[PDB]
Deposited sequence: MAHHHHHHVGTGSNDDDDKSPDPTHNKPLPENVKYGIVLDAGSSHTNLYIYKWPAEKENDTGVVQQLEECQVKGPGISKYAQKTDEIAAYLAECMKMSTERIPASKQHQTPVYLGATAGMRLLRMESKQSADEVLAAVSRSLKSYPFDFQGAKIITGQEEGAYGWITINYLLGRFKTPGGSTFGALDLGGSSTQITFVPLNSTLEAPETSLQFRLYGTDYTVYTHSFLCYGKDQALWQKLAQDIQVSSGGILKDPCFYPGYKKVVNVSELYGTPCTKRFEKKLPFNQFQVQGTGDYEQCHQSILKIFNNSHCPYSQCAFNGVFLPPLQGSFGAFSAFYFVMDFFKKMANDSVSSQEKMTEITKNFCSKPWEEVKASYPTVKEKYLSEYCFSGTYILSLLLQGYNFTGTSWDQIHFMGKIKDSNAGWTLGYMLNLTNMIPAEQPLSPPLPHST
């Protein structure tokens, strides 16, 4: 009759559970049925308290047992795929990552579902699956495909079929089989270049021993203030190249709300000086010339949508972002009183970062800018990697 699959997306920010449903397969489509966002941080934050993982995953796991008919449960696969937050934790300590993942398996296995495993998926998988999700939901697997742009807290992915495929960096190519049609995508995940790790890089780059424990920052609203722990700041492999001895344990970010100085400061965490290829993105990584249209999703959509709702070209988006950046923090909280301050306080930075990333990192300048479509859902399913992952895992 109908079948069910559960995918946990363990990202650096949140874990999200997805329930998928599809007609029982017949010789004569998968859709998202329900989503749950686990309360709390990403699972790597449990590294020293894996005793709490089970409790952590319980509310959303219960949703799933309440939601899928009991008969149907034993035959429903459950998989957790973790992404860059967990790649970072593994770079830090293989053994912590493993203890996290083992605690997740023991938790999940304790449910009525068919445990298919808890893995840290690769950056190429993450990007390829995202491209699969969006082209599947756009009907493209029945011609040319849409490229895929994914932004999260800890990494960002770009995936697309390029005009001419090369040996230039064949660890950036992925070939796979989809409905008799075989595809070669370019795909790269830029670890540390998700929006949250990019901000840590920027703060570590810019903090001065000089400063009395203050960092004025043009990427935050005039009057915004936030205290940062230096041990948290340097607690990620992403800021290792910037570690300094600071004579303080903690510092206050003080916003100065200036978009073009923000833009300039962001560009400093990008390195454009070495490119052992025809052309590159940044940090000497190969990128072929852009080709076709793109779907941009996850944080790309949640951040751009917020600016669009304030208003749609590159010039127009730059202008809206510059104006918003310079609004004082009290005004911003008062104009958007329903928005969690943890997201609201970031929109100036994230918006300027997305613009820098797309326009300077990937060269979606001018004419190409219209080739990007920001997307949350297609036919009611989240754009993301999980859907494509479920199609694959479904042997589909």
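Peer 1: Map the modelled residues onto the deposited sequence and report the uncovered stretches in sequence order.
Peer 2: Sequence ranges with no C-alpha atoms are 1 to 31, 60 to 62, 177 to 179, 349 to 352, 438 to 452.
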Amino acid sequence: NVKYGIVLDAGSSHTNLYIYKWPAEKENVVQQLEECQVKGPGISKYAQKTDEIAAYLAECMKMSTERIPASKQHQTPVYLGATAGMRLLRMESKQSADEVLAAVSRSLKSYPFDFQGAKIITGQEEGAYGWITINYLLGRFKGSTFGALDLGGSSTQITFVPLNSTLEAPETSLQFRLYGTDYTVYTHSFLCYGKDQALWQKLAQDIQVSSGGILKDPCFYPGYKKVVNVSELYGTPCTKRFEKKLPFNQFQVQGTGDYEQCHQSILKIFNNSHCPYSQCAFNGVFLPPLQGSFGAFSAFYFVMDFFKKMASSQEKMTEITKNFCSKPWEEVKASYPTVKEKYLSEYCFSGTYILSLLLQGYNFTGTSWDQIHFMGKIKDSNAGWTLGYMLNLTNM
From here on, numbers count along this sequence of modelled residues.
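Peer 1: On average, are the C-alpha B-factors higher in 249 to 257 or in 108 to 116?
Peer 2: Here the higher of the two C-alpha B-factor means belongs to 108 to 116.
Peer 1: Which of the two stretches, 84 to 92 or 160 to 168, shows the higher mean Cα temperature factor in the record?
Peer 2: Taking the mean C-alpha B-factor of 84 to 92 and of 160 to 168, the larger value falls to 160 to 168.
Peer 1: Quick one: which of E243, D217, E125, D305 has the biggest Cα B-factor according to the entry?
Peer 2: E243 has the highest C-alpha B-factor of those listed.
Peer 1: Based on the PDB record, which member of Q175, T187, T239, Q264 exhibits the highest Cα temperature factor?
Peer 2: Largest recorded C-alpha B-factor: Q175.
Peer 1: Split the chain's modelled residues into thirds by Cα B-factor; is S345 in the lowest, middle or highest one?
Peer 2: According to the entry, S345 has a C-alpha B-factor in the chain's lowest third.
Peer 1: Lowest, middle or highest third: where is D182 by C-alpha B factor in its chain?
Peer 2: Top third by C-alpha B-factor.
Peer 1: Would the CA B-factor of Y79 place it in the lowest, middle or highest third of its chain?
Peer 2: Its C-alpha B-factor belongs to the middle third of this chain's values.
Peer 1: Taking the C-alpha B-factors as the PDB entry records them, is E319 in the lowest, middle or highest third of its chain?
Peer 2: Middle third by C-alpha B-factor.
Peer 1: State the tercile, meaning the lowest, middle or highest third, of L33 with respect to the CA B-factors recorded for its chain.
Peer 2: According to the entry, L33 has a C-alpha B-factor in the chain's middle third.
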